[PDB]
Every structure is written in structure tokens, then in C-alpha cells.
């Protein structure tokens, strides 16, 4: 496919604003429709996931308009995604060769637990991702992911309007047929507001809860909450002076300690690029995905930037997520002039390993515009008590949220998004096919499981977060209890069986394993003990012993019960095939390698001989994954065979669950 510069030239020809060039790609037009089946408030990642899944699940059934107040896809924190997300992307027709042009490769998760009372001592827990011929995970710049999903939605009969705001004072939401009158303005100042007559409103306004806040007060969990402060830094080509052994930039890295933890996410940034040019680049990529262009014949990220007149750089996202019962000195003016900056630099110097780590990185000023060198957000976790009602439902952050740790926000939160997408077809048809009272009663009944799932989901995620935090207070509990149980309970068993039809059902059964009983039992034992030790104290060694022995005793039984075959000793660097801790074990599979030219992390797979980021050829060797323990030629062939194409929808297969097998 020859590249076209349609939007770049349209924008220039008409001096189009950012919002106007984007909205000109809508099937129905750049202006709003008079009516629609579904109106989605907010085009963050979840609003777009919802609209894409709803149209893909049953094409040509619902008219869907997404209203987004930003003039173009705006900055968002929340950059790390997991295999279920990539699988969703692949099921929507975008595989790894194309996604990697836009996003950074993610090969698993890694944890380093810093001893507070013995500065310099640390332990680690490291896992891998998957071979390049299996799947990938992604580190995504959210203005790019939300552009990608805007264009893809527009190419699948979904209208998305940037630069338009839902007016929640004049909007009417009712439960009788198409009782909704959604008021859409360009802002408070707008004299000319429009109304979209519609059947169903979806509140996807994230943490702002713009609609469902009118139905219930925000709810907070007992005990401490968290704050976060973060910034953006260079990404070093040479990672070898990072002060942690065997550190790899293509993991989502977690630096953990009693007060909380630090995330480290390497990802490419497109900031500085005109929006019309990016529309042309994304559109070209989708046409190449449509055509099935092989990876080596697809232009590299940097080449795309040259072709479409874009800006491209490598950056590292680095942030603290700490408890809000931490004591700070009254005067922090020595560490900067903004609170976010102050508390960031103050926390770094409290840990020599953090200061040594941070000394590998250079701060970027105002990557996302003025005022964005530093970010702070306080009191992270919350839940919406009411997430549906006559004429409306909520998805994503608007339902609740906990913490960045293990990235439940996108990857678990998309269970609500995709389930709501699937449910939307009968909800709209019910209202079109029955009188008002019975329709409303049948819709209420249909949504009871969605309400119950949401109700119980956030508290389970909150207990998961506290479980990990309290264990982060000791360099044995962190890797050997918290991380071990999260990975055993939450690994995505039978993900290769998921398809568009089963995705929502599978996703709502995952919950990162936080519903698994033996998980919750160990989590409660640890929280009940550690929460009684004041934060500024070290856990007594006897408490660690007792919790470690308890965790391992529950573990051996739960592991035996699991009927899922898994080369555990190849996935977790510190553990054997039965998930026993092994003090000196370092053997593990190797799926990735760093480009000698640009520093970007690459997947090893024989049909990708060039860097997908800069286009430089590696030697014809390499590119061979290292399986340790080894795999035969046949065993490796059978592995990639299962992950090629997703199974067609079989209405009689039962769904196999991601969680471990129950005991007899």
C-alpha cells in the first residue's frame, strides 16, 4: 500500500483545527447526529474499547457516537498493558508487528524490593513475557492509543467527536425506549448546544464520574489510601549501569519498599507531531494490517516519522505510588518548587538504590505541554456505588479504581467495558420491542449481574493492592508471598482460546486472580498481621517467618490442584517447576533483545530480522528464542501453533477459566 497524506492535506487546505480534522473522519459526518442508539460520554481508552467491542461483537446494529471534550486525544497516565489487552487488539485485527510501530515492547514484569533498614540490600522477582510468535504486551502512550482506537472506530462505523462536551446539567437520561436527550456543547461558554436523541448513555468519563456521581456519593475504602507523583525521563540505550542485577528495560519494573513502590516503563513518545499527520500515519498502519504486510517489509517507527512528518523519541515513565499515611518534613523547599517535584526528589534520596537508579535518567521538561514536567494525584482508590440505571450504565474508571500496581485500570477495567459493550445490543433492542415499564424491568434484571460484578470487583482489587503493599515491607514477603500468589492466581490460563464472542465472559472471570480463594486467604493473613506494625518500624523477623511458612503451606496444595501445564521454572527466574523458591536460580527463557543501533527492545522471531523501531538489520542468527529448559523442534512447533489464530466461536464449548483448577 502506497502511503497517502489525506488528512495532512485536508487540514492544510481548509486551515482546520485539531478537532475539525479528527471529526472529518466520521462516517456520519463532522457535525453531530440528531439521533443515535448509544451516546458515550468520554473517549478515553475505555469509551473507545467499549465502542469498538460493541460494533465488532454485532456489526451494523447500533448507532454509536462517542463525545470527547479534548480537542485531540489528550495525555493520560496509565501506560502498561497485559496479554489480555494485546489479545483484544489482535482479535480486533491488529497484531504485534503493527502495534510495535506505535508502542513499546513489554516482556513481562520485574520487581526489586529495597531493604529500608539495610540501605543497599535488595531482592528481586522477575518474570518474562512470551515468544514473538506467541503474543506481546505493550507500553502505550495514551494520546497515541486513543488516536489509534478513534481511527479504528471511525473505520468501523462509529462516530467520535473531539472538542465536544456532554452538558450534565441539561442532559436528560430516562428508561423508556429512546428517552435520552444528550446535550452536547463545545463548553460552558457555548450558546449553540446540540441534543442527540438516544436510547442508552454510557458514562465513560473516568474518575470524574460525571454522570454516576449524581446517583451515589463516591465511596472510599477503610484504612490508608495512596498518592502518586511522577514525571518523564530519557531512556538510556546502555542500561548496564542500572544498579539492579539483570535489569531489563522491556519489563514493567517495580522498585518496592515499605512506603510504596516506583514504576518504570520504557515507551516511545510521539509528542510534537501534528494531529493530521498522525491520522495519516495511523491510517496507513491499519491499511498495512488490512493488507497483511509482513513485519520486515513494514516501515520502522522512525521511518514512519520521516514519511509523515512526525516527532519520535524514547522516554521512560517513572512514578511513585505511596501510602498516604507517610510522614513528610514540613519544609521540602530544598527539593524543588512544586509539591509533586518536591515529594518525588525527597523520596528518591531516602533510598540509595533509588538515587543510584535515578542517576541513569535525565528529566524531560514539559513533555506534554506546559506544566507537565511533574504530576501529582492524591487519594487514588474509590468506588462508584451505582453503575447502571434506567437509560444508562458506567464503565472503566467511572465504576471505580484502586492503584497502578499490576495495571488493573486498563486490563481489568476492560472487563466492564467489553461486557457493557456486549450487553448494549439487547438493552437497546428491549427498549425498541416492549412497552416502557416491562422494558425497563427487563433491562434492570439483565444488568443485575453487571451491577454485582462491579460491586464486588473494586473491593477485591483493593484487597489485592493492600496485600502487595504490606508484603513490600519485607524483602522476603514481597517476592515469595505477594508476587508469587499474584502470578499463580492471575496467570491467564487458556487465553489462546478466547475470541470476540467469549472475551467479556473470560475477562470478568480473571480479576488478576484476586477472587481465587487461596489467594484471598493468604492475603488476609498477611494484612491482618502487617497492618498492626506501624509503618516507620521494621517487620519482626518472626512475623516474616510465620507468614512465609503459612503462605508456602497453602501454596503447595493449591499448586498441586492446578491441572494447567506450565513451565513455571522458565517463566519465574527464582522458582522451580512447582513454584518453590530457589535461592540461587537464575535460569529463564529469553524472548527479547536490545537493538545495538537505537536501544529499542525487540522480539526474537525468525521472520523479523530488522529492528521494527529504526530498521537496522541484526545478524541473521540471534532471533532464536532461548528455551531453558529446552524445547524440542516439535514442542516449539506445537507452542506457536496454538497462538496463531483464535478459535472460531463455538456455541457449545464451555469457556475454560483463567484461574487455577479448584480442588476436588
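Residue numbers count along the first chain shown, from 1.
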property: Residue range whose averaged C-alpha B-factor is higher in the record, 269-277 or 289-297; result: 289-297
property: Of 559-567 and 226-234, the stretch whose C-alpha atoms average the higher B-factor in the entry; result: 559-567
property: Top residue by Cα temperature factor, when 162, 455, 207, 241 are compared in the entry; result: 241
property: Top residue by Cα temperature factor, when 633, 45, 52, 64 are compared in the entry; result: 633
property: Within-chain third of residue 31 by Cα B-factor, per the entry; result: middle
property: For residue 323, the third of its chain into which the C-alpha B factor falls; result: middle
property: Chain-relative CA temperature factor third for residue 598; result: middle
property: Modelled-residue ranking by C-alpha temperature factor, third containing residue 177; result: highest
property: Entry-reported Cα temperature factor of residue 518, expressed as the chain third it lands in; result: middle
